[PDB]
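Read through the structure below, which is laid out as structure tokens, and then see the notes.
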There are 4 protein chains.
Amino acid sequence: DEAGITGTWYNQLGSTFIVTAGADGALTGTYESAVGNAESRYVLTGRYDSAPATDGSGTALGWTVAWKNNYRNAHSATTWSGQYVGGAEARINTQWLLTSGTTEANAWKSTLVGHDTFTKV
Amino acid sequence: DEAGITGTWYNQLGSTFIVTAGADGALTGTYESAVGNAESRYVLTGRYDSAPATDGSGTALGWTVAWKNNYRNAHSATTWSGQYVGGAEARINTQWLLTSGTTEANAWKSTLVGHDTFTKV
Amino acid sequence: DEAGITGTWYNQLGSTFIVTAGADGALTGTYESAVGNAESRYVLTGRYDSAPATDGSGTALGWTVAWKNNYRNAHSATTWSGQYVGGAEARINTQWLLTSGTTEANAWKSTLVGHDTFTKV
Amino acid sequence: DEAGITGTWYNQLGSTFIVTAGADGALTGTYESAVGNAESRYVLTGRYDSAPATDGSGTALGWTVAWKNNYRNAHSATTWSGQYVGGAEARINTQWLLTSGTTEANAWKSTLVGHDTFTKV
Ligand SMILES: [Cu+2]
Ligand SMILES: [Cu+2]
Ligand SMILES: [Cu+2]
Ligand SMILES: [Cu+2]
């Protein structure tokens, strides 16, 4: 799925995920969020299963974005964890964890959880 | 916290996380899990906030492991999302999402969620 | 939203959630899952915000199902946490945690996480 | 575990959970949080597996709190999902989802996720 994954993907929020999949399992690219304390592109990296099961199963993958770039710093990181499902309407179906840096006293409220679905259109 | 983060960390399961923090926000290294469908080391990559708040707050970070290496392939990926808290007993406090590749019919049961706390000892 | 919430709801898996909302914040009813180790109806209970904000915001709510009834026992419980959004196409948008009873050694893999969207049709 | 569960439990934040376990799987009680937009006690309800496995496994359970009482309304609900582990130092080990009522535009940031461990002392 190196070919399948590589490219430009869009989620339900209107965010844009630009990724390259390496033959060795790497994911590199940029993320631009349509929401939150974010502007322009941010580095991302991740990993995917470069030899998935041949049985109909999706391809596991994940990636991280730390919310610092030359424009802003939102003192946070999101990780998406999910699977790529190939075919006529290819999708990446993810769940994510967004942890902000907090004091000890606020750690209980440090982590948001949600779900993003990415499509090629 | 490039110095703070860089090195060998151990969680409550007895897993070993070996990371280098780059000046530019990169995280690279290897993960070896004490549990699950896993043996030996697996590549990991991630990101962290290289200019955290100076107010007492932790440092946001995350990383991914796809569960494929030369020994096995568990057709899955974990993402940890959390924060580094520096000082006498430094910690990385994380929550994680483990997504397995599944068919459409099994997607509902694709994703495990838990929490790992990493220490230097 | 006592009137709004009360009734029969269906999710994207084809599961059926039958609830009564009490004036005092109670949720009582039955759940029947279309997937998993489940058959027929199972008791559920929960709570919702009986005096929500008047600003356009959704109405917070949650409920639990333990997966035991007269037919089976799957030694697990799901909690859904989410919000009711009223209007022409009313929805309940949830995220859920399914914890199985496990030994200590398997606790790391005890908890599934997903997301369900319920509609009146 | 009706006897095991029933009573007063305390988490790592200093919150107090007072529960009765019914023979039929019910959980009823009150929760008082040490943190957040909360004061005094709030109703809770939930469910647990009243006939757990005899193999060493924990007992699955969950409960909800909507954050409305006579003192305040934080327009939110938490669900804890977890397991009771009996014996010399009994514990309830949970993960939780806290959903706030939000507008559509803020739904992405509606849900916090964390983990609480409850003890009898
Ligand atoms: Cu295989
Ligand atoms: Cu700052
Ligand atoms: Cu209000
Ligand atoms: Cu059994």
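We count from 1, first residue shown onward.
Heads up, header says this was done by X-ray crystallography, 1.5 Å.
Backbone N, Cα and C atoms are what each Cβ position is placed from, and that goes for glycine too.
Per Swiss-Prot, the candidate among C:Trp63, C:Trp80 that belongs to the biotin site alongside C:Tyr31, C:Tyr42, C:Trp96, C:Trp108 is C:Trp80.
Annotation note: C:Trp80 (biotin binding site) sits in a strand segment as assigned by DSSP.
Checking the binding-site residues C:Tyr31, C:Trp80, C:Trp96, C:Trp108 against chain B with a Cβ-Cβ cut-off of under 8 Å leaves C:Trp108. In the three-state DSSP assignment, the secondary structure recorded for C:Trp108 (biotin binding site) is helix. In sequence order, C:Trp80 are the binding-site residues among C:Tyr31, C:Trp80, C:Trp108 whose C-beta falls under 8 Å from a C-beta of chain D. Working note on the binding-site residues C:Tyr31, C:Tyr42, C:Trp80, C:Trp96, C:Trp108: by count of other C-beta atoms within 10 Å of each C-beta, C:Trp80 ranks first.
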